[PDB]
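Data file: structure-v7.cif. Format and content: mmCIF, C-alpha atoms and all ligand atoms.
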data_upload
loop_
_atom_site.label_atom_id
_atom_site.label_comp_id
_atom_site.auth_asym_id
_atom_site.auth_seq_id
_atom_site.Cartn_x
_atom_site.Cartn_y
_atom_site.Cartn_z
CA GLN A 262 36.18 3.76 20.68
CA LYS A 263 38.55 6.68 21.23
CA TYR A 264 37.97 8.33 17.85
CA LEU A 265 34.39 7.04 17.95
CA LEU A 266 34.11 8.73 21.35
CA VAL A 267 34.95 12.01 19.61
CA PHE A 268 32.24 11.09 17.10
CA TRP A 269 30.01 10.40 20.10
CA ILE A 270 31.03 13.85 21.34
CA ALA A 271 30.35 15.22 17.85
CA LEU A 272 26.89 13.64 17.86
CA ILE A 273 26.32 14.61 21.50
CA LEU A 274 26.99 18.24 20.56
CA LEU A 275 24.40 18.17 17.77
CA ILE A 276 21.79 17.13 20.35
CA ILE A 277 22.68 19.98 22.70
CA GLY A 278 23.02 22.49 19.87
CA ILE A 279 19.74 21.55 18.19
CA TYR A 280 17.99 22.48 21.44
CA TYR A 281 18.58 26.18 20.77
CA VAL A 282 16.37 25.89 17.68
CA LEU A 283 13.45 25.36 20.07
CA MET B 1 -17.02 -2.60 30.37
CA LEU B 2 -18.69 -2.01 27.02
CA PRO B 3 -16.46 -3.12 24.09
CA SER B 4 -16.67 0.11 22.11
CA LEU B 5 -15.26 3.63 21.86
CA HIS B 6 -18.61 5.45 21.86
CA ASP B 7 -17.59 7.14 25.12
CA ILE B 8 -14.74 8.84 23.23
CA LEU B 9 -16.80 10.79 20.70
CA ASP B 10 -19.17 12.22 23.31
CA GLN B 11 -16.20 13.86 25.09
CA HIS B 12 -15.64 16.72 22.67
CA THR B 13 -13.18 18.22 25.18
CA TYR B 14 -10.46 15.92 23.81
CA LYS B 15 -7.66 17.64 21.91
CA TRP B 16 -4.99 14.96 21.50
CA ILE B 17 -5.55 11.32 20.52
CA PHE B 18 -2.82 8.70 20.13
CA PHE B 19 -2.57 5.22 18.62
CA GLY B 20 0.52 3.20 19.48
CA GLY B 21 1.78 -0.36 19.60
CA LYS B 22 3.92 -2.87 17.76
CA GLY B 23 4.37 -3.05 14.00
CA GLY B 24 2.14 -5.03 11.67
CA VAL B 25 -1.08 -4.78 13.67
CA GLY B 26 -3.10 -1.89 12.19
CA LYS B 27 -1.94 1.32 13.86
CA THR B 28 -2.41 3.29 10.65
CA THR B 29 -5.58 1.61 9.37
CA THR B 30 -7.23 2.14 12.76
CA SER B 31 -6.27 5.78 13.33
CA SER B 32 -7.28 6.96 9.85
CA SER B 33 -10.68 5.27 10.16
CA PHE B 34 -11.52 6.72 13.58
CA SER B 35 -10.81 10.23 12.27
CA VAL B 36 -13.24 9.86 9.36
CA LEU B 37 -15.97 8.81 11.79
CA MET B 38 -15.48 11.87 13.99
CA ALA B 39 -15.49 14.25 11.02
CA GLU B 40 -18.75 13.13 9.40
CA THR B 41 -20.33 13.43 12.86
CA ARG B 42 -19.11 16.99 13.55
CA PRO B 43 -19.20 18.89 10.24
CA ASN B 44 -18.95 22.35 11.86
CA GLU B 45 -15.37 21.88 13.10
CA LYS B 46 -11.85 21.19 11.87
CA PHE B 47 -9.78 18.05 12.39
CA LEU B 48 -6.20 17.07 11.59
CA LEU B 49 -4.38 13.79 11.05
CA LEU B 50 -0.62 13.43 11.37
CA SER B 51 1.95 10.66 10.94
CA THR B 52 5.19 10.50 12.94
CA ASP B 53 6.38 7.16 11.52
CA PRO B 54 9.16 7.23 8.89
CA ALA B 55 7.39 4.42 7.00
CA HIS B 56 4.65 6.81 5.91
CA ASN B 57 1.87 4.63 4.48
CA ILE B 58 -1.22 6.81 4.97
CA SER B 59 -1.22 7.78 1.29
CA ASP B 60 -1.52 4.10 0.38
CA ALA B 61 -4.60 3.74 2.61
CA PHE B 62 -6.53 6.69 1.15
CA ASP B 63 -5.37 6.07 -2.44
CA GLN B 64 -4.44 9.76 -2.44
CA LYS B 65 -1.10 11.56 -2.47
CA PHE B 66 0.12 13.61 0.49
CA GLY B 67 3.10 15.87 1.10
CA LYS B 68 5.13 17.37 3.95
CA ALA B 69 2.58 20.20 4.24
CA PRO B 70 -1.03 20.04 5.47
CA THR B 71 -3.45 19.16 2.67
CA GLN B 72 -7.17 18.46 2.32
CA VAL B 73 -8.87 15.16 1.54
CA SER B 74 -10.90 14.93 -1.65
CA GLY B 75 -13.73 12.89 -0.15
CA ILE B 76 -14.45 15.36 2.66
CA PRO B 77 -13.41 19.00 3.27
CA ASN B 78 -13.54 18.95 7.07
CA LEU B 79 -10.57 16.57 7.36
CA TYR B 80 -6.92 17.34 6.69
CA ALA B 81 -3.80 15.20 6.37
CA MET B 82 -0.07 15.69 6.87
CA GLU B 83 3.18 13.78 7.29
CA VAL B 84 6.41 15.00 8.89
CA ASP B 85 9.85 14.23 7.48
CA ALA B 86 13.46 15.08 8.29
CA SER B 87 14.54 16.15 4.77
CA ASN B 88 12.74 19.53 4.99
CA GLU B 89 14.00 20.96 8.29
CA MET B 90 17.64 20.45 7.30
CA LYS B 91 16.78 21.74 3.82
CA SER B 92 15.34 24.95 5.30
CA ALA B 93 18.24 25.33 7.73
CA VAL B 94 20.69 24.89 4.84
CA UNK B 97 25.05 25.84 9.71
CA UNK B 98 25.90 28.95 11.74
CA UNK B 99 25.76 26.94 14.96
CA UNK B 100 27.25 23.85 13.31
CA UNK B 101 30.35 25.86 12.42
CA UNK B 102 30.86 26.86 16.05
CA UNK B 103 30.36 23.19 16.93
CA UNK B 104 33.50 22.20 15.02
CA UNK B 105 35.51 24.87 16.83
CA UNK B 106 34.52 23.30 20.15
CA UNK B 107 35.54 19.87 18.88
CA UNK B 108 38.82 21.19 17.47
CA UNK B 109 39.52 22.90 20.79
CA UNK B 110 39.43 19.72 22.89
CA UNK B 111 41.48 18.02 20.18
CA UNK B 112 44.19 20.62 20.75
CA UNK B 113 44.07 20.52 24.55
CA UNK B 114 44.14 16.72 24.39
CA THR B 126 33.62 23.10 4.65
CA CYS B 127 34.58 19.43 4.79
CA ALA B 128 32.27 18.94 7.77
CA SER B 129 29.56 20.83 5.86
CA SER B 130 29.58 18.04 3.27
CA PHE B 131 28.54 15.67 6.07
CA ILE B 132 25.36 17.74 6.42
CA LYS B 133 24.37 16.97 2.82
CA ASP B 134 24.30 13.17 3.15
CA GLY B 135 22.68 13.52 6.58
CA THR B 136 22.74 10.09 8.24
CA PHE B 137 22.61 11.75 11.66
CA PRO B 138 21.19 9.33 14.27
CA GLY B 139 18.20 10.72 16.14
CA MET B 140 17.45 13.44 13.58
CA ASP B 141 14.04 11.89 12.88
CA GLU B 142 13.08 12.33 16.54
CA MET B 143 14.73 15.75 16.95
CA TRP B 144 13.35 17.54 13.89
CA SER B 145 9.94 15.90 14.35
CA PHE B 146 9.51 17.54 17.76
CA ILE B 147 10.30 20.89 16.13
CA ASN B 148 7.66 20.57 13.40
CA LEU B 149 4.88 19.60 15.80
CA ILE B 150 5.63 22.53 18.12
CA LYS B 151 5.11 24.87 15.17
CA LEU B 152 1.79 23.17 14.38
CA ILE B 153 0.85 22.86 18.06
CA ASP B 154 1.09 26.63 18.47
CA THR B 155 -1.60 27.24 15.85
CA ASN B 156 -5.11 27.08 17.29
CA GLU B 157 -7.33 26.59 14.22
CA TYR B 158 -7.92 22.84 14.48
CA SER B 159 -10.01 21.32 17.26
CA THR B 160 -8.30 17.94 17.76
CA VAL B 161 -5.32 16.00 16.42
CA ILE B 162 -4.80 12.30 15.72
CA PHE B 163 -1.43 10.55 15.64
CA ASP B 164 -0.19 7.42 13.87
CA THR B 165 2.83 6.83 16.09
CA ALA B 166 5.88 4.64 15.50
CA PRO B 167 6.82 1.57 17.59
CA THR B 168 6.73 1.98 21.37
CA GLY B 169 10.54 2.02 21.45
CA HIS B 170 10.53 5.55 20.03
CA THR B 171 7.17 7.15 20.85
CA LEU B 172 8.01 7.05 24.57
CA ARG B 173 11.35 8.82 24.12
CA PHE B 174 9.43 11.46 22.17
CA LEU B 175 7.00 12.03 25.05
CA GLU B 176 9.78 12.45 27.63
CA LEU B 177 11.64 15.04 25.52
CA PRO B 178 9.67 18.12 26.72
CA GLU B 179 10.03 17.13 30.38
CA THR B 180 13.82 17.11 30.00
CA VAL B 181 14.05 20.20 27.79
CA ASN B 182 12.17 22.32 30.33
CA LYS B 183 14.52 21.01 33.03
CA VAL B 184 17.86 21.85 31.39
CA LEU B 185 16.40 25.09 30.02
CA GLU B 186 15.13 26.24 33.42
CA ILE B 187 18.38 25.03 35.00
CA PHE B 188 20.53 27.05 32.58
CA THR B 189 18.21 30.08 32.45
CA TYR B 221 9.20 33.42 28.11
CA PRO B 222 7.22 32.70 24.91
CA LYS B 223 9.07 29.43 24.27
CA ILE B 224 9.16 28.03 27.81
CA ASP B 225 5.48 28.78 28.39
CA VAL B 226 4.49 27.02 25.15
CA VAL B 227 6.21 23.75 26.06
CA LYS B 228 5.07 24.04 29.67
CA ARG B 229 1.45 24.30 28.52
CA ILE B 230 1.88 21.36 26.14
CA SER B 231 3.21 18.96 28.78
CA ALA B 232 0.32 20.14 30.96
CA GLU B 233 -2.29 19.09 28.39
CA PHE B 234 -0.70 15.72 27.57
CA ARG B 235 -1.10 14.82 31.26
CA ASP B 236 -4.74 15.83 31.78
CA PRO B 237 -7.11 12.91 31.06
CA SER B 238 -9.89 15.28 29.98
CA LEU B 239 -7.75 16.44 27.02
CA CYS B 240 -5.34 13.63 26.06
CA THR B 241 -5.65 9.86 25.75
CA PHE B 242 -3.52 6.97 24.52
CA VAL B 243 -4.92 3.86 22.83
CA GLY B 244 -3.17 0.56 22.21
CA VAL B 245 -3.17 -2.06 19.45
CA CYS B 246 -2.06 -5.69 19.60
CA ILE B 247 -2.91 -9.18 18.34
CA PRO B 248 -3.77 -12.48 20.03
CA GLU B 249 -0.24 -13.85 20.45
CA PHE B 250 2.27 -14.35 23.25
CA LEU B 251 4.27 -11.14 22.79
CA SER B 252 1.16 -9.06 23.49
CA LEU B 253 1.27 -9.68 27.25
CA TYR B 254 4.82 -8.51 27.95
CA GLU B 255 4.49 -5.55 25.57
CA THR B 256 1.16 -4.37 26.98
CA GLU B 257 2.31 -4.51 30.61
CA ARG B 258 5.51 -2.61 29.82
CA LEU B 259 3.50 0.01 27.93
CA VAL B 260 1.01 0.68 30.73
CA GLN B 261 3.72 0.83 33.40
CA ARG B 262 5.68 3.44 31.45
CA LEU B 263 2.51 5.47 30.87
CA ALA B 264 1.44 5.52 34.53
CA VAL B 265 4.87 6.99 35.27
CA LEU B 266 4.20 9.99 33.03
CA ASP B 267 0.66 10.12 34.49
CA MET B 268 -0.98 9.54 31.10
CA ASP B 269 -4.30 7.69 31.05
CA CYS B 270 -4.92 4.55 28.99
CA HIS B 271 -8.69 4.03 28.93
CA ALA B 272 -9.02 1.39 26.20
CA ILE B 273 -7.24 -1.03 23.87
CA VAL B 274 -7.90 -2.55 20.45
CA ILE B 275 -7.41 -6.10 19.20
CA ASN B 276 -7.21 -6.91 15.49
CA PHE B 277 -6.67 -9.83 13.11
CA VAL B 278 -9.36 -11.95 14.78
CA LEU B 279 -11.05 -15.02 13.31
CA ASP B 280 -14.79 -15.72 13.45
CA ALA B 281 -14.45 -19.52 13.37
CA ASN B 282 -15.19 -22.23 15.92
CA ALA B 283 -14.63 -25.93 16.55
CA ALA B 284 -17.74 -26.62 14.47
CA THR B 285 -15.96 -25.15 11.44
CA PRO B 286 -14.70 -27.84 9.03
CA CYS B 287 -11.50 -26.05 8.00
CA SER B 288 -8.70 -27.42 10.18
CA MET B 289 -6.59 -24.28 9.78
CA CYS B 290 -9.33 -21.87 10.85
CA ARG B 291 -10.07 -24.23 13.75
CA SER B 292 -6.49 -24.48 15.02
CA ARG B 293 -5.81 -20.74 14.91
CA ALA B 294 -9.02 -20.00 16.82
CA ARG B 295 -8.06 -22.21 19.77
CA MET B 296 -4.75 -20.33 19.89
CA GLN B 297 -6.60 -17.00 20.14
CA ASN B 298 -9.34 -17.87 22.64
CA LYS B 299 -6.50 -18.46 25.12
CA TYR B 300 -4.79 -15.07 25.07
CA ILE B 301 -8.04 -13.15 24.54
CA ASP B 302 -9.42 -14.42 27.84
CA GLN B 303 -6.16 -13.57 29.62
CA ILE B 304 -6.23 -9.91 28.59
CA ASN B 305 -9.86 -9.49 29.64
CA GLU B 306 -9.16 -10.78 33.15
CA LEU B 307 -6.21 -8.43 33.73
CA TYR B 308 -7.54 -5.17 32.25
CA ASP B 309 -11.27 -5.75 32.72
CA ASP B 310 -11.47 -2.13 33.89
CA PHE B 311 -10.55 -0.99 30.37
CA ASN B 312 -12.68 -0.84 27.23
CA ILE B 313 -11.53 -3.86 25.20
CA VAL B 314 -12.75 -4.09 21.61
CA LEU B 315 -12.38 -6.87 19.04
CA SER B 316 -11.96 -6.33 15.30
CA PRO B 317 -12.49 -9.24 12.89
CA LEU B 318 -10.52 -10.30 9.84
CA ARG B 319 -11.61 -9.14 6.39
CA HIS B 320 -11.41 -10.79 2.98
CA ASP B 321 -9.41 -8.09 1.17
CA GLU B 322 -7.18 -5.21 2.23
CA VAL B 323 -8.40 -1.84 3.52
CA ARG B 324 -7.76 0.78 0.83
CA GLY B 325 -10.10 3.64 0.04
CA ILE B 326 -12.74 5.60 1.92
CA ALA B 327 -15.22 2.87 0.97
CA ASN B 328 -13.55 0.22 3.13
CA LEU B 329 -12.83 2.65 5.98
CA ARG B 330 -16.40 3.62 6.91
CA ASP B 331 -17.17 -0.11 7.07
CA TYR B 332 -14.18 -0.81 9.33
CA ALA B 333 -15.29 1.86 11.80
CA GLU B 334 -18.72 0.33 12.45
CA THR B 335 -16.99 -2.48 14.34
CA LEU B 336 -15.59 0.05 16.83
CA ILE B 337 -18.95 1.58 17.83
CA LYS B 338 -21.36 -1.34 17.62
CA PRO B 339 -19.71 -4.68 18.46
CA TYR B 340 -19.52 -7.44 15.89
CA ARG B 341 -21.52 -10.66 16.33
CA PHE B 342 -19.17 -13.63 16.68
CA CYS B 343 -20.08 -17.31 16.90
CA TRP B 344 -19.59 -17.59 20.67
CA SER B 345 -21.42 -14.28 21.19
CA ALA B 346 -24.74 -14.18 23.03
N1 LIG A 401 -8.76 -6.09 9.54
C1 LIG A 401 -7.76 -6.33 8.70
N2 LIG A 401 -7.76 -7.49 8.00
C2 LIG A 401 -6.75 -7.73 7.16
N3 LIG A 401 -5.69 -6.97 6.87
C3 LIG A 401 -5.72 -5.82 7.57
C4 LIG A 401 -6.69 -5.44 8.48
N4 LIG A 401 -6.39 -4.19 9.01
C5 LIG A 401 -5.27 -3.85 8.43
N5 LIG A 401 -4.81 -4.80 7.55
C6 LIG A 401 -3.59 -4.71 6.74
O1 LIG A 401 -2.51 -5.17 7.53
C7 LIG A 401 -1.31 -4.44 7.16
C8 LIG A 401 -0.78 -3.75 8.40
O2 LIG A 401 -1.76 -2.79 8.88
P1 LIG A 401 -1.59 -1.24 8.51
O3 LIG A 401 -2.90 -0.55 8.67
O4 LIG A 401 -0.86 -1.11 7.22
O5 LIG A 401 -0.63 -0.75 9.70
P2 LIG A 401 0.89 -1.09 10.11
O6 LIG A 401 1.74 -0.72 8.92
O7 LIG A 401 1.19 -0.24 11.32
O8 LIG A 401 0.93 -2.56 10.41
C9 LIG A 401 -1.74 -3.52 6.01
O9 LIG A 401 -1.65 -4.22 4.78
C10 LIG A 401 -3.21 -3.29 6.35
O10 LIG A 401 -3.98 -2.78 5.28
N1 LIG A 402 5.32 -19.45 9.42
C1 LIG A 402 4.71 -18.82 10.42
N2 LIG A 402 3.39 -19.05 10.63
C2 LIG A 402 2.78 -18.41 11.63
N3 LIG A 402 3.28 -17.54 12.51
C3 LIG A 402 4.58 -17.33 12.28
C4 LIG A 402 5.35 -17.91 11.29
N4 LIG A 402 6.66 -17.46 11.35
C5 LIG A 402 6.66 -16.63 12.36
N5 LIG A 402 5.44 -16.50 12.97
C6 LIG A 402 5.11 -15.66 14.12
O1 LIG A 402 4.82 -14.36 13.65
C7 LIG A 402 5.26 -13.38 14.63
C8 LIG A 402 6.25 -12.45 13.96
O2 LIG A 402 7.41 -13.21 13.55
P1 LIG A 402 8.73 -13.20 14.46
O3 LIG A 402 9.58 -14.38 14.13
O4 LIG A 402 8.35 -12.97 15.89
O5 LIG A 402 9.47 -11.88 13.91
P2 LIG A 402 9.12 -10.31 13.94
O6 LIG A 402 8.99 -9.94 15.39
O7 LIG A 402 10.27 -9.61 13.26
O8 LIG A 402 7.82 -10.16 13.18
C9 LIG A 402 5.79 -14.21 15.80
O9 LIG A 402 4.72 -14.56 16.67
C10 LIG A 402 6.28 -15.46 15.08
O10 LIG A 402 6.49 -16.57 15.92
MG MG A 403 2.12 2.17 9.43
ZN ZN A 404 -10.52 -22.02 6.23
#
With the file now loaded, output its structure as structure tokens.
Amino acid sequence: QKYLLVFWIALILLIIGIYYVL
Amino acid sequence: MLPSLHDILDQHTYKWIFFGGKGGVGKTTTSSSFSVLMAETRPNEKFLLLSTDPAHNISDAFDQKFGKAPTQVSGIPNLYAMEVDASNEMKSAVXXXXXXXXXXXXXXXXXXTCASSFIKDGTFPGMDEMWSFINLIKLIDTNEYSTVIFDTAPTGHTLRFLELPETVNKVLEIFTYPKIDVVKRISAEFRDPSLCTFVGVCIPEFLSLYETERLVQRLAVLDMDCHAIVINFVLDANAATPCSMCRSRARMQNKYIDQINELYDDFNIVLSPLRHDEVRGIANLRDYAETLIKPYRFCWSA
């Protein structure tokens, strides 16, 4: 889950970043 | 009280209509039909249909092809169709922000392109819900159509889509004009009963009870009105019928049908019967809509 957590952080960043498109 | 949706058409003030529920009950067949009825009745206005479900099957109902851009139906000019996908937004974006994203990830990795290739294959969870909200907002801004109809996906996702604007405005206003006012006006309309409305679809089984109660409870939270519901896949048989199968299934349905009426008697409950063949083509649609305005005549009717 450690590396996956980074992936979760990677995916969590896409959600926050995609917000700027709005 | 009256088992029909005639009260809906009279209220021209409506702008947003929804059709939600479980899968395999007629969410698409029902929405597409209701739109045709409203168009032929109001020829001096525009109307739009839209599908938010990845399993886009509207084209198979009209026997006509549709794309990711708004098109016009051959049978009637007043109506338009459309379907949103996630392979066009990424295609148009195809980065600048994504690059900076990696730097942030690499940073923490230190304190503790190749990634571009990942964008090609996609497979990004939630993209369907994220990009979909973007497309609608672009279409919602335009003010040429009068109303909009939705063929939503299962309840598990449509709810999370409705809560998105309420959270975006929060974080935005917490971290911070044309953009914020647009979303603020949208969430305002979705909450007014004189403009928006949500309709449900189910079948006479056991899972309908739990699903319907959970749906209404989560809608009352958002202050969205549910003024009616639709039942489908009904049999017109009775104990007098000789077929044992048709007789057994009917007894199973008369049970749950009576339950729903007692709980939500305040709502407009309508019953749709079973048909011999499928529902494909404008021919079969205009016949399926008559059951929603004038009620069918069943055996036990009176
Ligand atoms: N009244 C009906 N009688 C029989 N089959 C129906 C009826 N209404 C819809 N169907 C069919 O049931 C299937 C599921 O309904 P459909 O409209 O495709 O929506 P969904 O995919 O959301 O279940 C489709 O094959 C549809 O054409
Ligand atoms: N052979 C069958 N005859 C009639 N109803 C069935 C049959 N198999 C399943 N069902 C019922 O059809 C509904 C859908 O099937 P279910 O097993 O619940 O899976 P799913 O939710 O994926 O459709 C349920 O009410 C289920 O009990
Ligand atoms: Mg469908
Ligand atoms: Zn039979």
| query | If you count only C-alpha atoms, which residues fall within 9 Å of residue B:166, apart from same-chain ones fewer than 4 positions away, as an MDAnalysis selection string? | reply | chainID B and resid 20:23 27 51:55 170:171
Same residues, C-alpha atoms, output as a tab-separated table (two decimals), in the frame of the given file:
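So the final result, stored in part_25.tsv, reads:
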chain	number	residue	atom	x	y	z
B	20	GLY	CA	0.52	3.20	19.48
B	21	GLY	CA	1.78	-0.36	19.60
B	22	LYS	CA	3.92	-2.87	17.76
B	23	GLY	CA	4.37	-3.05	14.00
B	27	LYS	CA	-1.94	1.32	13.86
B	51	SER	CA	1.95	10.66	10.94
B	52	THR	CA	5.19	10.50	12.94
B	53	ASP	CA	6.38	7.16	11.52
B	54	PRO	CA	9.16	7.23	8.89
B	55	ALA	CA	7.39	4.42	7.00
B	170	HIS	CA	10.53	5.55	20.03
B	171	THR	CA	7.17	7.15	20.85
For chain A versus chain B, which residues have an atom no more than 10 Å away, and what is each residue's nearest atom pair and distance in Å rounded to one decimal, using only C-alpha atoms, chain-then-number order, as CSV?
residue,atom,partner,partner_atom,distance
A:267,CA,B:107,CA,7.9
A:268,CA,B:107,CA,9.5
A:270,CA,B:107,CA,7.9
A:271,CA,B:107,CA,7.0
A:272,CA,B:137,CA,7.8
A:274,CA,B:103,CA,7.0
A:275,CA,B:100,CA,7.8
A:276,CA,B:143,CA,8.0
A:278,CA,B:99,CA,7.2
A:279,CA,B:143,CA,7.8
A:280,CA,B:181,CA,7.8
A:281,CA,B:99,CA,9.3
A:282,CA,B:147,CA,8.0
A:283,CA,B:147,CA,6.7
| Contacts with ligand LIG 401 (chain A) at most 9 Å, all atoms listed in the file counted, listed as a ChimeraX atom specification | /B:20-32,55-58,60-61,164-167,276-278,316-324,332
| query | Could you work out how far atom CA of residue B:183 lies from atom CA of residue B:228, giving the answer in Å with one decimal? | reply |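 Rounded to one decimal, the two atoms are 10.5 Å apart.
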| query | How would you write, as a list in words, the set of residues no farther than 10 Å from ligand LIG 402 (chain A) when counting all atoms listed in the file? | reply |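 Listed by chain and ascending number, the contacts are residues 22, 23, 24, 247, 248, 249, 250, 251, 252 and 293 of chain B.
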| request: Could you report the residues within 9 Å of ligand ZN 404 (chain A), using only C-alpha atoms and all ligand atoms, as number ranges by chain? | output: B: 281, 285-291
Residue selection dump (C-alpha atoms) as a compact mmCIF listing (two decimals), in the coordinates of the input:
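Full text of selection.txt as output:
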# COMPACT_ATOMS: atom_id res chain seq x y z
CA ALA B 281 -14.45 -19.52 13.37
CA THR B 285 -15.96 -25.15 11.44
CA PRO B 286 -14.70 -27.84 9.03
CA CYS B 287 -11.50 -26.05 8.00
CA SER B 288 -8.70 -27.42 10.18
CA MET B 289 -6.59 -24.28 9.78
CA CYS B 290 -9.33 -21.87 10.85
CA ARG B 291 -10.07 -24.23 13.75
| field | Contacts of residue B:16 at 9 Å (all atoms listed in the file; same-chain gap of 2+ positions) as a count of residues only | value | 12
| task | Compile the contact shell of residue B:82 as a ChimeraX atom specification: residues with an atom at most 9 Å away, counting all atoms listed in the file, same-chain residues fewer than 6 positions apart removed. | result | /B:48-51,66-72
| Near residue B:237, counting all atoms listed in the file, which residues have an atom at most 9 Å away, once you skip same-chain residues fewer than 6 positions from it, shown as a ChimeraX atom specification? | /B:14,267-270
Grab all the atoms of stretch 277-281 of chain A that the file lists, wrap them in a box along x, y and z, add 6 Å per side, and give me centre plus edge lengths in Å (one decimal) as AutoDock Vina command-line options.
--center_x 20.5 --center_y 23.1 --center_z 20.4 --size_x 17.0 --size_y 18.2 --size_z 16.5
| request: Kindly give the distance, in Å, that separates atom CA of residue B:142 and atom CA of residue B:179, rounded to a single decimal. | output: 15.0 Å
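Restricting the calculation to all atoms listed in the file, the smallest distance between residue A:277 and any of B:180, B:87, B:136, B:126 is found for B:180.
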| Nearest candidate to residue B:264 (options B:303, B:334, B:235, B:8; using only C-alpha atoms) | B:235
| task | In Å, rounded to a single decimal, give me how far atom CA of residue B:159 is from atom CA of residue B:246. | result |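 So the answer is 28.3 Å.
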File output, stretch 131-144 of chain B (N, CA and C atoms) as a PDB file, in the first residue's frame:
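Below is the file part.pdb, written as the result:
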ATOM      1  N   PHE B 131       1.560   7.180 -19.966  1.00  0.00           N
ATOM      2  CA  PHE B 131       0.404   6.757 -19.183  1.00  0.00           C
ATOM      3  C   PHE B 131      -0.855   7.502 -19.610  1.00  0.00           C
ATOM      4  N   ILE B 132      -0.706   8.726 -20.121  1.00  0.00           N
ATOM      5  CA  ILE B 132      -1.871   9.492 -20.551  1.00  0.00           C
ATOM      6  C   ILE B 132      -2.492   8.878 -21.798  1.00  0.00           C
ATOM      7  N   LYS B 133      -1.684   8.236 -22.644  1.00  0.00           N
ATOM      8  CA  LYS B 133      -2.216   7.642 -23.866  1.00  0.00           C
ATOM      9  C   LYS B 133      -3.216   6.537 -23.548  1.00  0.00           C
ATOM     10  N   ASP B 134      -2.783   5.524 -22.797  1.00  0.00           N
ATOM     11  CA  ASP B 134      -3.657   4.410 -22.455  1.00  0.00           C
ATOM     12  C   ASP B 134      -4.776   4.805 -21.500  1.00  0.00           C
ATOM     13  N   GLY B 135      -4.733   6.007 -20.937  1.00  0.00           N
ATOM     14  CA  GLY B 135      -5.793   6.426 -20.035  1.00  0.00           C
ATOM     15  C   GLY B 135      -5.875   5.516 -18.826  1.00  0.00           C
ATOM     16  N   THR B 136      -7.036   4.883 -18.653  1.00  0.00           N
ATOM     17  CA  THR B 136      -7.285   4.009 -17.507  1.00  0.00           C
ATOM     18  C   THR B 136      -7.119   4.779 -16.199  1.00  0.00           C
ATOM     19  N   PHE B 137      -7.664   5.995 -16.166  1.00  0.00           N
ATOM     20  CA  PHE B 137      -7.604   6.841 -14.986  1.00  0.00           C
ATOM     21  C   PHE B 137      -8.941   6.774 -14.261  1.00  0.00           C
ATOM     22  N   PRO B 138      -9.028   6.132 -13.097  1.00  0.00           N
ATOM     23  CA  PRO B 138     -10.319   6.036 -12.406  1.00  0.00           C
ATOM     24  C   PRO B 138     -10.939   7.406 -12.170  1.00  0.00           C
ATOM     25  N   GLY B 139     -12.258   7.481 -12.355  1.00  0.00           N
ATOM     26  CA  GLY B 139     -12.996   8.707 -12.150  1.00  0.00           C
ATOM     27  C   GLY B 139     -13.012   9.661 -13.323  1.00  0.00           C
ATOM     28  N   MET B 140     -12.221   9.402 -14.367  1.00  0.00           N
ATOM     29  CA  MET B 140     -12.175  10.315 -15.505  1.00  0.00           C
ATOM     30  C   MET B 140     -13.551  10.482 -16.135  1.00  0.00           C
ATOM     31  N   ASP B 141     -14.325   9.397 -16.209  1.00  0.00           N
ATOM     32  CA  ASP B 141     -15.656   9.476 -16.800  1.00  0.00           C
ATOM     33  C   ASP B 141     -16.513  10.509 -16.078  1.00  0.00           C
ATOM     34  N   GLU B 142     -16.401  10.568 -14.749  1.00  0.00           N
ATOM     35  CA  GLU B 142     -17.207  11.513 -13.985  1.00  0.00           C
ATOM     36  C   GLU B 142     -16.607  12.914 -14.030  1.00  0.00           C
ATOM     37  N   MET B 143     -15.277  13.013 -14.064  1.00  0.00           N
ATOM     38  CA  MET B 143     -14.632  14.322 -14.090  1.00  0.00           C
ATOM     39  C   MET B 143     -14.880  15.028 -15.417  1.00  0.00           C
ATOM     40  N   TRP B 144     -14.451  14.413 -16.522  1.00  0.00           N
ATOM     41  CA  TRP B 144     -14.588  15.060 -17.822  1.00  0.00           C
ATOM     42  C   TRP B 144     -16.048  15.294 -18.183  1.00  0.00           C
TER      43      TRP B 144
END
